[PDB]
Structure formats: C-alpha cells, structure tokens
Amino acid sequence: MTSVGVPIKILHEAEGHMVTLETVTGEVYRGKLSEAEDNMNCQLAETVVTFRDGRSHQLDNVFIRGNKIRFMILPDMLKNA
Amino acid sequence: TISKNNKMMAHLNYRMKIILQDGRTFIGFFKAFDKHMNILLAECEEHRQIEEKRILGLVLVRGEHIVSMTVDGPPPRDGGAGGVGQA
Amino acid sequence: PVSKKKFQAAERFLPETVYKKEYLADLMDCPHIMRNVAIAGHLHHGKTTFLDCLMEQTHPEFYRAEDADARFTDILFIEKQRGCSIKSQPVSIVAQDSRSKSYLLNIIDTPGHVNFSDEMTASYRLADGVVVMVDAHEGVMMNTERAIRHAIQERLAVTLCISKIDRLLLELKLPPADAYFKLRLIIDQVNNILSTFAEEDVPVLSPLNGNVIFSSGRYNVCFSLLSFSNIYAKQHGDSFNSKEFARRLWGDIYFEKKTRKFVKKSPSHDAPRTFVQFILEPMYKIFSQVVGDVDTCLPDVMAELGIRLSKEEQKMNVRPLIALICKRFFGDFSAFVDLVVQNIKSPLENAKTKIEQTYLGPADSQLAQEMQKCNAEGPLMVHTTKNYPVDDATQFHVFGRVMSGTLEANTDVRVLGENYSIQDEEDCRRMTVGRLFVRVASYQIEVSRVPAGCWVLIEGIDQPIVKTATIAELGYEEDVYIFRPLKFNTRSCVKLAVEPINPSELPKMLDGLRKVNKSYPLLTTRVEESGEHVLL
Amino acid sequence: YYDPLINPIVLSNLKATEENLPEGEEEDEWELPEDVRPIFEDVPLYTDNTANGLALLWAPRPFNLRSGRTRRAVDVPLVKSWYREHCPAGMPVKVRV
Amino acid sequence: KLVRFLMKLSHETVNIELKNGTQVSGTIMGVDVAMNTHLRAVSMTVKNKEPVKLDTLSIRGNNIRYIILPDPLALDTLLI
Amino acid sequence: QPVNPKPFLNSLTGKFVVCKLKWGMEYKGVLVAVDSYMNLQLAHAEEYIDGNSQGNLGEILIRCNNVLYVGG
Amino acid sequence: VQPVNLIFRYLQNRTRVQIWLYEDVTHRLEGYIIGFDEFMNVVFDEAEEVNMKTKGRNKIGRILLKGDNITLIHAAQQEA
Amino acid sequence: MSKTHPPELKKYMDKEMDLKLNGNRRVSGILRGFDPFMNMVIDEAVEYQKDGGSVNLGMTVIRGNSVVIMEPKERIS
Amino acid sequence: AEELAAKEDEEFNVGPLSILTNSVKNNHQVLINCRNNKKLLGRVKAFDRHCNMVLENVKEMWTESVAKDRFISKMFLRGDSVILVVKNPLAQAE
Amino acid sequence: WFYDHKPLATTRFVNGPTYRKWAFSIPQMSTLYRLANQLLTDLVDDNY
Ligand SMILES: Nc1nc2c(ncn2[C@@H]2O[C@H](COP(=O)(O)OP(=O)(O)OP(=O)(O)O)[C@@H](O)[C@H]2O)c(=O)[nH]1
C-alpha cells in the first residue's frame, strides 16, 4: 500500500485480535476485528455490545462507520510489531 | 514541536495527558501520530471528571475527538572503546 | 576430546531478524493469523532457493553468495554436498502481505526427489496447505504430479507457484508472447491433474483466481497480478484502483491505446495482451538491458525504476546486479504471503478438516471437538511426525504440531506409540518434556509454552517415539486415541542387508539401526528369521 | 526468437483453463489513466549487444563475468580445461597417458 | 491563504478560546498549516474549573475559535 | 427534465429568495451571488425568526455550512 | 442499483418521496425531486415540511435542500 | 477533492441488514447498493419507531454519514 | 503554488466574499454573527476562502439572560464559527 | 589496447596501476571471449 500513517498500520495488525471500541453515541463494542479500513471503518465479529447504562448484548456481526468511532483499545502484542 | 523532525522524534514517547471533546482525560505514553492527528497511546489510563482512574491497554484515539494534550511525564530511561594501554 | 561429530549446521547464536522475537511469540497465541505451509516440488525446482529469499528478507544478516545458493533449509552436510534437499526442515518467520499486515508463517521445505517423498508425507501431515513449485522450462514432471496428487488426498489446500521464470528469457529465449503460452500451458497441466484426481471441487488455479504466483528465486522476482498492479499503482500514484487492473492482467485480453479500454479481440494482428505488455515485457527489458548493455543503460534503469545503485554496485556482474535491481524494485515476496494467507486457511478453519483425516478416534463428541475448536485452553494433544537429531546425535528432538491446549516445558505428558488403543495400552509412556523450541532450520528459538495451531520442537520425549507419536494430557480421563500413521505415497522396494566385521560390535550396530529408523520414517528395519539385519 | 529446436508449446489433449475475465457491459467502460504506461515502453526489447550478452552468461569462467579481481599470469593455467574434460577418442598412447 | 500568517507569530503571547469554552493563554512556540497551535508557559482555564498552570500544550487546530493577538503586532508587514 | 442546483441557483441569482439556517432562523432577501461552494450573499436582506421579521440587515453573507434550505 | 441511479429514478419518474432531515428528528420533507449534484444537494419541488410530532404541515415549494442535511430519501407512503 | 477506495461492503450485498442512524432511527431491510461514501441503498426497507411502531418504506437511499452502526441479521456470504 | 493564489484572488472579485473584499478595502465594519450566539463587530484586515478573518478594534456583545460585552484590540477568528457576516448598517466606510 | 603491457590500467575499466580490479562492458567481453575461443571448452560443463 501507499504509506498511510502508523496508527492505521497498527489498526490492520489489530485485525487478528480482540479490540474494544467506543462509538460517539457512547456504546462500547468488544469483538474480534475481522476487517478494518484506512478510513477506520471496523467490522467486528463475535461482538458484545455494552450500552452506556451497563446493559450488554451479544451481536454476531457489527459494522461501525469509521468517523463514528471514538477510540479503540488494541491488544498489547501490537506494541512489539 | 511535532512535524519538525528534529523536535518531533523527541516528543514521542513522552507520557502525555490527552483531553477529549467529551471531557475525558486519557493518560499514556504517546508513541505514534498521523497526519489526521490520530494518536496512539501505550499503557493508557483514563481519568473522568465527577476523579476516578481506569486502566486501559494500547489505545488508539481517533484524532477528530482530541481537544488538546500536554506532557505528563518523561519517557522511561535506562566513550566505550579503548584497551590500548596496560597498567 | 573435541570430537568433530558435526554433521549439520547449527547456528552459534540467534540471528538478527526484522521482526522482534516477542512479536513472533505473541502472534503464536493467535491462529486467526498464522498459517502453516509445505513447499513441494520436483527435484531442483525453485523450492529451497525460494525459501532463501524469505530468509534474506526477514533476516538482513543472511549472506547469500553471488555464485551459488545458500540453501539455508538444507542444513545437513550430506545435503550441502549432494545439494539436493534430503530431509524436510521447518522455518518460522513473520512476513507481511500486500496490506503490510504482519502474518506468522510456518513452512517446511520438502525434498523434491521421489526417493525422499516419505519426507513430503510427514510434512503434509503438518502442512495444512501446500505450495507447488513448477519450473518454467520443465513444467510438471513426475514428483510435481505426485506432490499435487498426494496433497489432494491429504485434503491439503493446493496453490501453485511457477518458478525459475528466468529460464524462459535467459535460457530458452522464448520471446514475450511464447513465454506467456509456456506459463499458460503449465497452469493448464496442473488444472488437468486437479480436475481428474480431485473429483471434488478443488479450486481452479488461474492467476485471476490469484491462487497462482510467478517467481525466480535466483533473481528475487516474485509477483502475482496484484503485486504487479500495485507497482503500477505506487509508481504512477493511485491514479487507478489497482485491483481493477489486476483482474485484467491475464488471459485473452488486450489494451487498446487509442481508447485505453481493454478489449478481448486482438486489436491488431500482432498485439501483445495485458500480461505480455505490462508484466512480461518490463521483465524482459530489465534482464535484456542488464544482460546486453550493463555499461551504458544502467543510469536509465535507475531513472525508471527509481532504485539507487552505488558505483560499486554498478560494477557487479549480471546475476547479482539483476537480482539486486529486482530486489530493490519488487521488494519483498508479499505476493507469496498473499498466496499463502488467502488460499490455505489457518489452523483453526483447517482443524476441522485435518482432525477428520488424521485422528482415528471417534470423530464426534468430547476430544475431537476440543481439537476442532483448536482451543489453546483445551486438553493437550500434540501430533508429531519428524525426528531431528541433536548435534551430537546422542538423542532426537521430535517435531510436532499442537492442536488442543498448550504444551509446556518441564511438564509431564503421556506419549502414545503407533499401536496404542484400549487393548494395546502397554504402548504408552509418561515422559517429562524438556525444553520446547521453535525451529528455523539452522537455529532454534526457545519458548516456555506453545499454544494450539503452532509447530514445536520437543526435547526429551524421543526415547519411545519410533516414528510418529501422539502426546496427550495425563489428567484427561476420557479415551485418548492416536492420530493415524503416515500413509506414504510409495513403498520401500529395495532391501539391503547389514552385518559388521566386528560382531561383538553388533550391539553398536543395532543402536545405529534404531537411530536411522527414527530419522527416516519410510526406512523399515527387520531382523529376518535367518538373523539377517535388513534395511528397506 | 523461437528456436525450431525448441518443441512447440502445445499439448493436444489439454483442457484450457477457464479465464474469469470481467464481464463486458460495465467493465468494458473501465479505462487506464492516460499516463499509465508499460514500465519500459520505449526501451527496445533487445539490442545488438543483447544476443552477445546472453551468450556470455554461459561462457566458461572467466568469460561469464564482467567484473573481477585480477589474477597473476602464473595463475592462469591456460590448458587446464583440456585435460580436465577428457581425452579425445583418437589421441594415441602417449597423450592419453 | 491566511494560516501562513499565524506561523509568522512564533514566540508571540496570545489568549486562545477554544470551541469547548476552554481558555488557554501562553506563548506560541509554533503553529502549523492546520493551525494546530503549540504553546509554552501555558495556563488552561477549563470552563467552570480553576486555572491550571502547564508547561506545554498542543491544541488540535480545529478546536480553536479565536486567538487574541498582541496589541503591538505589525499586521501591515505580516499580511504580505 | 433535470434542474440541477447550479443552474437553479443561477436562475435565482439576482432574485428574491428565502434562506433557512439549520438552527431555526430564516433570512429573506435578494440572492446577489453564489459560488462553487454555495456561500450565499443576500442584499436588502431581512431577518425572520419564528415567522416574524425583526429587522433589516442590508447586505449579509451567510457562510455555506449554515444553510438548511434556500428557495423562492 | 447504486444510490445516484436510484435518485435518478425518483427524478425521471418524478416519484413523490419523503426526505428525513439529519439531526432534526421531528421534521420531514415531502415532495418531488427535480435535480441533484455530486454533493447530493437536492433541488426539491412541491416540497412540504411535515411536523410528525403533530402531523402539521407547511408548504414551501421549490427549494434547494442541502445534501449535508439529508439522512434518508425514500418513496413516499400513501399518507398525505 | 479526495479519492476513496470502495468499502468492503460487497460481502454484505443482498443480505438483510439493520441500521442505526443519526437521531437514533432504526431502519431495516435488504442492502443491495452502496458507493464510496457508503451511501446505502436499502430495498424493502422498514422503519422501526421509537414508540414501537413500524412503517414500511420503499426502496430507500441512506446518506452514508447518517449511518452509525450497520448490523447483519444473517451470516456474511 | 502561485497559480492557486491567483485562483484564490480571482474568486474574491466576484463571489459572495465580495462583502469581505469591500470590508477590507473600504474599512467598513462587519457585524460578524458567530457560533455560541455571540456577535463580533469589527473591521476585517484579511480573509481567505475558508472565511477566516483578522479583526481590529473589535466590540464583542452577546446575551448571557443579560447583555454583556468585551473590547478586544486585535483578534484572529477561525471562520468555522462564522454564521453570518453582516456589513454593518450602524457603521460606514472610513 | 589489447597488446599493451598492463592494458587499460590508466582508464575507468580498472582501478589503477595496482591493477587489482576490472569491470569490462559487454562489447569488450564478447570480443575477447571470441578471441579466446581456441583455448576454451564447448561445454555447459557441470553435467558432462
Ligand atoms: N536458472 C535458474 N536456476 C535456478 C533458479 N532458482 C534455483 N535454480 C537452480 O536449481 C538448482 C536447485 O535449486 P534448489 O533451491 O536447491 O532447488 P530444490 O528443488 O530445493 O532442490 P531439492 O528440493 O532437493 O529438489 C540450483 O542449481 C539452483 O541454482 C533460477 O531462478 N534460475
């Protein structure tokens, strides 16, 4: 690929693993990042959604638009990458 | 500071305190950034105003949500050739 | 005292690598990334030299001579002298696909001689997927068919790599157009094998399918369509969607420079296709300029390739200079990482298929489900089929694939021989695992634990392991079954009898027989009722 | 060039692989940007040096090199390839021995 | 374009109000093409919060609402 | 038959329009000029809030992003 | 189907469509599309503004609705 | 101006999709079109109201930046 | 570079940004209505396609409600907050 | 230059009077290859 910035490269290395991301509406999604994009659209699988009141539900697949993601907690091994 | 290459490479790995537009305070070792001002914080923690601390992992913050950031703490820290003479 | 027993290369230290060892060891916890592969070939097709290119990319310190192949995975000194590969060796490396996402690969370089084909059988048991190496001049000879056919019967996933393409331009001197037909015919030959022998829907191997790549390991060339389209996309600068060009770079399609559309009727009597214009003619022009000119053209090669060559590199010969020019322009093999990553499926997806083939036990409720999950938290099950000897040949380390639970050094484990069953049960022993290693042919990386999906080299359990072995959790109270023996693709037809002049030394000979019997797998040792000691 | 000693690229019974080319109607509109161009478009495929350069690749050493370290006149053993390879069939007793 | 005026204001002291209502005052050690402004010897007065002294502060440029400029500034020479 | 925005606003340029901002307020006046980014300049412009006029403003420039809709 | 080709069907057929506004959850616009641009601004015809909290209606007529404000465009139901 | 690669959405095409939009609208139906902006086309679309009502929509185009979350009801093809 | 500056200058002589052009060269006060419901009345000295402005002798007035005001000698205003620039009828060309 | 004593030594084709390295083109290499012929083998050696 073209030289996209290091945070986007680390996001694609995060595809193997579990990531936890919060959306601008406040819901926290934990799941296994199956595809990511350079606009940081995220596809999660085996997802658990946690609502802002602390309720939770399972979701088989979730697509989140990249500009609606606030942050992602990435796994630690990516610090080595 | 940033983008000035001689200066930017020294401002990475500082422990920096990040303020977000929702009012959150994140703290972590700031060690990557992007032209969109995305930032990647290693060993991150969050402080929420009410103060309460929570431990996070490696946190990627999408740049759109940063208000500002400041230095919190230093990076972590730790001639040599001769032998011609004898004594 | 300092007995010169050395029969294999072994590295005095861990060599440098581009990836951190810690990232490799962490990625081992994540089979949703990692792949296992075997590379299988006719004798002296690309296979070993191609892995030397993967070594050279990951390592930096890896010296390849300008004259002769380094053949890192051919560690034995008989293999150095013979220069055919004689035994399998595994590699483990971290390598990037076209996205620059980092994958973990485990790769066995199977020997290409049919007499060694028992080594290919043991490798395919580990493999999950095969890459088949065809030589652009010879095409599909004998063992290439046997390698494909035997891989199908294993239920491996089969991928093609056309190898030593340079033979077309340099030796055969076929032009651009006929070189395309030669590559096309090789692909047709392999699909003709696949469609007859598969009977099931084993996937067709075009490049448009991108399960096929082209390579020259002598010249550091490796490209699919998409990596070549990415070269145009990087070079011109994303002015077009590179995947849409890659779709159009093979087959009966032509570029109409009047309109810049792609048409399927030959736009003139002589028009080169897409593959001929974009992929082959630049390659012919890279080689023919350096081969014919060297002295005069080389500055222009810097300009179009944007490569830099220092003046003492510009004084290299042709082979190292072309290999350097291709190395800098193409960069890494990531086209091959794409081939492995997409087509093969990991351990986890393949674990359903592989347990059905290998396991022998009741392929239903308790233990077979833990393996089909490939759950690193499950009960320990390991399968092994190789024995590699320690540098003093006192003992073997066994080579193994795990897929249930996690294997841990200095723990106790139940080792099941090839006969074990609820009636046979005397064929089991409790062994204490020594050190665990990850093996990169000449050198070994030492680890405290290995999780399901990985391969592992295991110290200390080698005494009862005659050839294949299953290793199992001691505390697992339900019935454990051994994985199948190796169903070899050939027979030991030649018998040789051995008798020492020394016969008080005959006890030493029998220990020789036991050690070779472990190393070989297809070698069969008998003591006849005549008392002859026999090798097969 | 296709040397006539090279056997033709054909196997008569061989089934041709299916080519999954893109289907016409939308896909024929797709166009390559006007400056995208084969990597070496105007460099000629071969020159009058190229035939000689290819021949050098399998010259006996040293002639397959083009850059080399220099060697002493006592070290170039001019006839040594002759005795290595074999006796010609006709040469008598003295020379064979 | 006018952002290239601000990067001539290096080492000037300004008071900045951000869109979030944070008031920041300090000396511009540098400001970039996106008007990410980097300040030294900084006080942040978050809205309805006590001012906090800070050594350094990087503001992502879109958060800037306005920058009060120092009174002596030779606008007639910087706007060329 | 298509009536595209730039032809549409050019047909309105030099004529009376009502412009509604995204935040509950309306400006009526002669649309004097439009640009490729569709900033709006109104002349003789008058400010309407909750359907009631509250003053003449003269020439006003409404920046592009503020507009919900504009029309005759 | 793409999106632009679908809006061309509303344009070519002059289908009565209801437009949902962006954050303005309590109003919707109903009418006919008569044109659009690459920014998805909609020149909107016979347009009415519907206050679904009351089902009250205002009639505005021909307007340019800026595409930034559009959540959704769909063929109107039988409601009028 | 900028160039954007087509989103991955092709694996979701012609499967049934739920969407949550800006303003917390819930829309559901068969996703059978998109563009580089992720302007969705939803066929046989159905609205779910915040009062618990539901209304059938037509063939529906959704402006991409109003989409917050999109979520299959069925396994990806 | 300079062709883009030439393009930027050409648009100002005809587009809606003429009001900012007249505000500079004739020194006529603009009452900039701005987000946060605040009014800034001042003279623009420079502006751009993004509708930035540098402002001199600003009077800021707003409703807090009760009216409050502040005097700002010079300011740079980021144009993303500008709603509505009124060429002030309570002032004149200078 | 063929029959000079140290041929080319003062030229870009060889490093200098120490006469330790050389880098000939193809027009040179193919010409002296052709002259050498009477001494050279015919073989693509290694298999023979
Ligand atoms: N001409 C040419 N020869 C090559 C190329 N790659 C490898 N070879 C040659 O083929 C021979 C065998 O290469 P290896 O890497 O040992 O092939 P191999 O298949 O691994 O040998 P085995 O696996 O034991 O069969 C060596 O002489 C190589 O120089 C190539 O790209 N071009």
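What follows draws every value from the coordinates through simple rules; no lab data is involved. Reconstructed Cβ throughout: ideal geometry from the backbone, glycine too, with neighbour counts over all protein chains shown.
Tell me which residues, restricted to the stretch J:14-34, are within 17 Å of residue C:294 (Cβ to Cβ) and touching a strand residue (DSSP E or B) at 6+ places or on another chain (Cβ under 6 Å).
Within the stretch J:14-34, J:14, J:21, J:22, J:23 qualify.
Results for (1) of a type in the set (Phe, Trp, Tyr); (2) more than 8 Å from every other protein chain (Cβ to nearest Cβ); (3) over 30 Å from residue E:48 (Cα atoms), shown as yes or no for each residue.
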site: B:27; (1), (2), (3): no, yes, no
site: B:30; (1), (2), (3): yes, yes, no
site: B:33; (1), (2), (3): yes, no, yes
site: B:50; (1), (2), (3): no, yes, no
site: B:73; (1), (2), (3): no, yes, no
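Give the residues of the stretch C:237-255 that are more than 10 Å from chain D (Cβ to nearest Cβ) and either within 16 Å of the ligand (Cβ to nearest atom) or outside any loop (DSSP other than H, G, I, E, B) (or both), sorted by residue number.
Passing the criteria: C:242, C:243, C:246, C:254.
Return only the number of the condition from (1) buried (at least 20 other Cβ atoms within 10 Å of the Cβ); (2) not in a loop (DSSP other than H, G, I, E, B) that residue C:483 does not satisfy.
Against the list (1) buried (at least 20 other Cβ atoms within 10 Å of the Cβ); (2) not in a loop (DSSP other than H, G, I, E, B), residue C:483 comes up short only on (2).
Within the stretch B:10-25, restricting attention to residues that are part of a loop (DSSP other than H, G, I, E, B), over 9 Å from the mean Cα position of the chain (by Cα) and not charged (D, E, K, R), which residue is nearest to the other protein chains (Cβ to nearest Cβ)?
Only one residue tops the list, namely B:21.
Going residue by residue through the stretch H:44-64, is there one that turns out to be touching a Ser or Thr at 6+ places or on another chain (Cβ under 7 Å), within 11 Å of chain G (Cβ to nearest Cβ) and either of a type in the set (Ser, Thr, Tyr) or over 24 Å from residue G:15 (Cα atoms) (or both)?
Among the residues of the stretch H:44-64, not one is touching a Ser or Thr at 6+ places or on another chain (Cβ under 7 Å), within 11 Å of chain G (Cβ to nearest Cβ) and either of a type in the set (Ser, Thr, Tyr) or over 24 Å from residue G:15 (Cα atoms) (or both), which makes the answer no.
Is it the case that the stretch C:102-119 has a residue that's within 14 Å of chain A (Cβ to nearest Cβ), more than 10 Å from the ligand (Cβ to nearest atom), part of a loop (DSSP other than H, G, I, E, B) and of a type outside the set (A, V, I, L, M)?
Checked against the condition, which is being within 14 Å of chain A (Cβ to nearest Cβ), more than 10 Å from the ligand (Cβ to nearest atom), part of a loop (DSSP other than H, G, I, E, B) and of a type outside the set (A, V, I, L, M), the stretch C:102-119 yields no hits at all.
Of the residues that make up the stretch C:223-236, is at least one of a type in the set (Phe, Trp, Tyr), closer than 30 Å to residue C:55 by Cα and facing chain D (nearest Cβ under 9 Å)?
Yes, because at least one residue in the stretch C:223-236 is of a type in the set (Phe, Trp, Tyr), closer than 30 Å to residue C:55 by Cα and facing chain D (nearest Cβ under 9 Å).
When both residues are 6+ apart or on different chains and their Cβ atoms are under 9 Å apart, which pairs have a first residue that lies in the stretch C:346-359 and is buried (at least 16 other Cβ atoms within 10 Å of the Cβ), and a second that is aromatic (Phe, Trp, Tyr) and not in a helix (DSSP H, G or I)?
Cβ pairs passing all conditions: C:355/C:483; C:358/C:483; C:359/C:481; C:359/C:483.
Give the stretch D:35-93 a look and list any residue that's among the charged types (D, E, K, R) and surrounded by 16 or more Cβ atoms within 10 Å (Cβ to Cβ), or say none.
Within the stretch D:35-93, D:37, D:66 qualify.
Residue by residue through the stretch C:85-101, note down the ones that are within 11 Å of the ligand (Cβ to nearest atom) and either touching a helix residue (DSSP H, G or I) at 6+ places or on another chain (Cβ under 7 Å) or of a type in the set (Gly, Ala, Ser) (or both).
Correct list: C:85, C:86, C:87, C:88.
Give the stretch D:40-96 a look and list any residue that's touching a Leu at 6+ places or on another chain (Cβ under 8 Å), assigned to a loop (DSSP other than H, G, I, E, B) and within 14 Å of chain C (Cβ to nearest Cβ), or say none.
Hits for the stretch D:40-96 are D:57, D:59, D:63, D:64, D:66.
Please verify whether the stretch C:337-358 includes one or more residues that are out of contact with any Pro (no Cβ under 9 Å at 6 or more places or on another chain) and over 30 Å from residue C:452 (Cβ atoms).
no
With away from the ligand (no atom under 16 Å from the Cβ) and surrounded by 23 or more Cβ atoms within 10 Å (Cβ to Cβ) as the only criterion, which of C:228, C:197 stands out?
It is C:228.
Between residues in the stretch C:83-98 that are within 14 Å of chain A (Cβ to nearest Cβ) and residues that are part of a loop (DSSP other than H, G, I, E, B) and more than 11 Å from the ligand (Cβ to nearest atom), which pairs lie under 8 Å by C-beta distance while being six or more apart or on different chains?
Qualifying pairs under 8 Å: C:94/C:17; C:94/C:18; C:94/C:19; C:95/C:332; C:95/C:333; C:96/C:332; C:98/A:1.
Regarding residue J:25, is this residue farther than 17 Å from residue C:314 by Cβ, within 12 Å of the chain's Cα centre (by Cα) and of a type outside the set (D, E, K, R)?
When the stated conditions are applied, residue J:25 does not pass them.
Just need a number here: residues in the stretch C:151-183 that are crowded, with 23+ Cβ neighbours inside 10 Å, more than 19 Å from the chain's Cα centre (by Cα) and away from the ligand (no atom under 16 Å from the Cβ).
Qualifying residue count for the region: 0.
Taking the stretch E:51-78, which residues are more than 30 Å from residue B:64 (Cα to Cα) and surrounded by 13 or more Cβ atoms within 10 Å (Cβ to Cβ)?
Matches in the stretch E:51-78: E:73, E:75, E:78.
Does residue C:186 fit the bill of being within 16 Å of the ligand (Cβ to nearest atom), farther than 29 Å from residue C:304 by Cα and more than 7 Å from chain D (Cβ to nearest Cβ)?
So residue C:186 passes the test.
Counting only residues that are within 11 Å of the ligand (Cβ to nearest atom), give me the helices (runs of 4 or more DSSP H) lying completely in the stretch C:1-84 with at least 2 of them.
Those helices (runs of 4 or more DSSP H) span C:47-58, C:77-82.
Within the stretch C:491-534, can you find the residues that are under 25 Å from residue C:391 (Cα atoms), part of a helix (DSSP H, G or I) and of a type in the set (S, T, N, Q)?
Selection gives C:517, C:519.
Please go through the stretch C:1-40 and pick out each residue that is more than 22 Å from residue C:401 (Cα to Cα), of a type in the set (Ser, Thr, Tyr) and within 14 Å of another protein chain (Cβ to nearest Cβ).
If the condition is that a residue be more than 22 Å from residue C:401 (Cα to Cα), of a type in the set (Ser, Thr, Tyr) and within 14 Å of another protein chain (Cβ to nearest Cβ), then C:17, C:19 are the ones that fit.
Output the number of residues of the stretch H:36-46 satisfying the condition of being crowded, with 20+ Cβ neighbours inside 10 Å and more than 18 Å from residue H:10 (Cα to Cα).
Number satisfying all stated conditions: 1.
Looking only at strands (runs of 3 or more DSSP E) that lie completely in chain E, which have at least 3 residues being closer than 22 Å to residue I:71 by Cβ?
Counting at least 3 such residues, we get E:13-18, E:23-31, E:64-68.
Scan the strands (runs of 3 or more DSSP E) fully inside chain G and keep the ones with 2 or more residues being more than 8 Å from chain H (Cβ to nearest Cβ).
Fully inside chain G and qualifying: G:16-21, G:28-36, G:42-51, G:56-65.
If you check every pair at least six apart or on different chains, which have Cβ atoms under 7 Å apart with a residue in the stretch C:41-67 that is within 14 Å of chain D (Cβ to nearest Cβ) first and a residue that is within 12 Å of the ligand (Cβ to nearest atom) second?
Matching pairs, first to second residue: C:66/C:319.
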